[PDB]
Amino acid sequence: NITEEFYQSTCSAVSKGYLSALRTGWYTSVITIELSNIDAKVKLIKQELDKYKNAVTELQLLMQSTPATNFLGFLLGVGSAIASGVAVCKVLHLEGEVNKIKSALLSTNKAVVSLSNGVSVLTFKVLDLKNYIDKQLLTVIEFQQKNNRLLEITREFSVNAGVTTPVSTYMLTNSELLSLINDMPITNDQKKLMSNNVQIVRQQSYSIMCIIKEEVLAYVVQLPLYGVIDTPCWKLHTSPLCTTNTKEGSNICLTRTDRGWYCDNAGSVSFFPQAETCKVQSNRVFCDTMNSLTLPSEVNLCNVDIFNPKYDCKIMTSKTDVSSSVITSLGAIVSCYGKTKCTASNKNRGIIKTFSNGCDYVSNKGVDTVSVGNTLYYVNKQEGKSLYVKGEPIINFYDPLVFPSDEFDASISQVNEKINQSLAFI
């Protein structure tokens, strides 16, 4: 299942055996709520009724403007996360366009409405207060329960300038969301995947407050499309590889900057430089293509042979040999340099390995924690097999007198080109 290799030569590690679920597109749905325009038992409902009016009044000043959004991570492009959503929203403001929906959801709560600009959208009426108020109201406990949802949606939108994420159970109750997934124009694989991970789907969704007109409240829910499912993913962990000379400051370092999540995708490889745009559930990785780069499948060759002629593996250089650790999926990389105390420990047994200077690695099998300096790291105790791939630390292949000691957006070939240049001049 989940496995991991460590490369002693490049001070990196790859965790493989993951299955993609990349948000690729968006599905927009219009959620609605129909509204009403209007002793001791009475006075308490008069208070609960003004709560209603206040919520509505508050939702109205909220919509005096169209809703807002305006290592190698810096290489990414720039999106408009909710452009699709808002695009749908601006259409609901058109006259009659509201009345089509008010009409469509008359005998049912869940209908598909074709809109005037050709977007076919799944509409949903999740709360009919008009029906409740105009009849049942025109018991103090009954009303408070029905009204409470309305007020809470109002709180979320008011403190979020009218765009919320993750999408809450107020915006879309669990049962409403699951059923919304079912009636959705997608595959049986997406339907199951989404349904088995509704808490994730929520995190990847947007609730955009839209309009209050003609006794109707509308807000667009922006839901993820996972066009890429069950393709291989692997996570690349890198740590700094430095020399270990005695005199501190005479050392040269080197770090692979191409770390992140990597997934096979449509011939190429989707690269996620910020591995917090990805959420791992067991062996499934949920990613967002908005936060990715599209690289050749040859990018994977840097792992095994960082000197390969097919892809120019990206690194960075420095003379800053500080100690740290990276806690991988199935173990720990340790960069021990200078006078730092770095160890690995078991729970009850205590210290079971003292790391020598340079980049080393230990697997979580038998290890519970890792210490580098004053920093205690707990390792992930997830089940899986590690493979330590012994090799000569490539930092040893460079002569320190002609080693460029402050490159960030660099690569193996760019370093050799700067060495070849400085070598010539000598």
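Here, rigid core means the biggest group of C-alpha atoms that superpose within 1.5 Å across both forms. When you see a residue number, it is the position in the sequence shown, counting from 1.
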| property | result |
| --- | --- |
| RMS Cα shift after core superposition in 5 other deposited structures of this protein, winner of 142-150 and 192-200 | 142-150 |
| Farther-lying stretch by C-alpha RMS in 5 other deposited structures of this protein, rigid core as reference, of 390-398 and 41-49 | 41-49 |
| Other entries modelling both neighbours but not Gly358, at least a third | no |
| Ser65 not built in a third or more of the other entries | yes |
| Unresolved deposited residues in the interval that joins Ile38 and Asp39 | 4 to 9 |
| Gap size, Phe71 back to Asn70 (deposited sequence, no coordinates) | 10 or more |
| Residue range whose averaged C-alpha B-factor is higher in the record, 285-293 or 179-187 | 179-187 |
| Entry-level comparison of average CA B-factors, 306-314 and 125-133, reporting the higher stretch | 125-133 |
| From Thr375, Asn364, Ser29, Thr66, residue of greatest CA B-factor | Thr66 |
| Peak C-alpha temperature factor (PDB record), options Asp360, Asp368, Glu34, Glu392 | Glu34 |
| Relative C-alpha B-factor of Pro240, binned into the chain's lowest, middle or highest third | lowest |
| Third assignment of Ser205 from its chain's C-alpha B-factors | lowest |
| Where the record places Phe355 (Cα B-factor, split into thirds across the chain) | middle |
| For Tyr388, the third of its chain into which the C-alpha B factor falls | lowest |
| Chain third (lowest, middle, highest) by recorded CA B-factor, residue given as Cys253 | lowest |
